[PDB]
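A single chain, nothing else alongside it, follows as structure tokens in the form deposited in one PDB entry.
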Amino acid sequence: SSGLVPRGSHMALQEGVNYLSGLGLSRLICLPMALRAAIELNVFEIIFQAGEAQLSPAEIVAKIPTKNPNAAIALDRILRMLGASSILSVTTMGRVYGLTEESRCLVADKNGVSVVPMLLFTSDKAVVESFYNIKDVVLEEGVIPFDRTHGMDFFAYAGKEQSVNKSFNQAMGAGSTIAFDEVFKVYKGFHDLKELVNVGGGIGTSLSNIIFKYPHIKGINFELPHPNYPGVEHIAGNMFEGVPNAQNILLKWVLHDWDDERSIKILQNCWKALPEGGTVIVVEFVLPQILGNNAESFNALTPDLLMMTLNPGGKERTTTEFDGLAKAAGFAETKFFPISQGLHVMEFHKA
């Protein structure tokens, strides 16, 4: 950075509160809805296909299935908002728009994975409608905002509206693939395992991907009664009643669905299923001890608030809190492995 900056004298303060600047807080609702529209119009892939390209609104709508003659002027009102917010790069000539580091993740990789399914689910109408009632969690004990908004719970609602069910399933699948891609680069604890029981989790995709990379692991997928992957045996059951005997257990985004008392009971059922020397491997985002405006913080705060609206008993936790859960279930040794951006793998070791 060029330039010499003297400490110098103290900046003179402005007088009064300028309420006109506070009107700009309306940017907070407009930006996510503008982003959602641009995702649904495929703007980011259209830009990417052009190659550090920057495209005019006319060039972008040329690739959108519309015949609306005013499409470009309409689209520019949306793109202007994304450019002002640094989601798109802008050159003012009208304006042309390109990708930024922030928006590269909206373009699917070689294997078709991006963050788009997560973003579309977390801003889905049924979820956003329930966010209007998040304050009820403060005011009334035991109220679930989604249930109050829709008169049924999230999974009952998703079973009626298949559009919400596809959207949720694709979101969890994308997030899991993204997180495990990073886990497999950093975490070394699968290396010498011979058996792993996945407790919770769903269809068995994450476990099958572990066994692909660690072919000596014999997998068991343990799940509630409702696609068999080789080397993955499927067992139906309720983890609050018991867990099948296990050399090692995998808990991938399970504990954050449950309050402390229920998370402790899951881990106690894990403890009694393990032999001496067995391990629980926990994959979770961890709340940083000091929050700030950074990816580590928002990767924990965002699922925390979505949980508050869909399932307020669940919550995100700090490393200290995770260690507290482990000790309440009788584990005496805990190991923490930072992966990236707040994602951690934790090992709870049975004596």
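Numbers follow the displayed sequence, beginning with 1. C-alpha atoms forming the largest set that superposes within 1.5 Å between two forms make up the rigid core.
The same protein also has a form solved in complex with a small molecule, omitted here; what follows describes it.
Exercise. Quick one: of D257, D76, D124, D147, which gets a non-hydrogen atom within 4.5 angstroms of the small molecule in the entry with it bound?
Worked result: By the 4.5 Å criterion, the partner-contacting residue is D257.
Problem set entry | Listed residue (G189, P117, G201, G98) with a non-hydrogen atom within 4.5 angstroms of the small molecule in the entry with it bound | In short, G201.
Problem set entry | Three-residue site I46, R80 and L106 fully in contact with the small molecule in the entry with it bound at 4.5 Å by heavy atom | Per the other structure, none of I46, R80 and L106 touch the small molecule.
Exercise. In the entry with it bound, which of the stretches 135-143, 271-279, 233-241, 181-189 has residues with heavy atoms within 4.5 Å of the small molecule?
Worked result: The contacting stretch is 233-241.
Exercise. Is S176 a contact residue for the small molecule in the entry with it bound, using a 4.5 Å heavy atom cut-off?
Worked result: Answer yes; at least one heavy atom of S176 falls within 4.5 Å of the small molecule in the entry with it bound.
Exercise. Applying a 4.5 Å heavy atom distance criterion, does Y214 contact the small molecule in the entry with it bound?
Worked result: It does not: once the small molecule is placed as it appears in the entry with it bound, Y214 has no heavy atom within 4.5 Å of it.
Exercise. With the cut-off set at 4.5 Å between non-hydrogen atoms, does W253 touch the small molecule in the entry with it bound?
Worked result: Result yes; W253 sits at the interface with the small molecule in the entry with it bound.
Exercise. Taking heavy atoms and a 4.5 Å cut-off, does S206 contact the small molecule in the entry with it bound?
Worked result: The answer is yes: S206 has a heavy atom within 4.5 Å of the small molecule.
Exercise. Superposing on the rigid core, is the CA of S130 displaced by 2 Å or more between the shown form and the other one?
Worked result: Comparing forms between the shown form and the other one, the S130 CA shifts below 2 Å.
Exercise. Does superposing the core leave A326 with a CA shift of 2 Å or more between the shown form and the other one?
Worked result: Yes, its C-alpha moves 2 Å or more.
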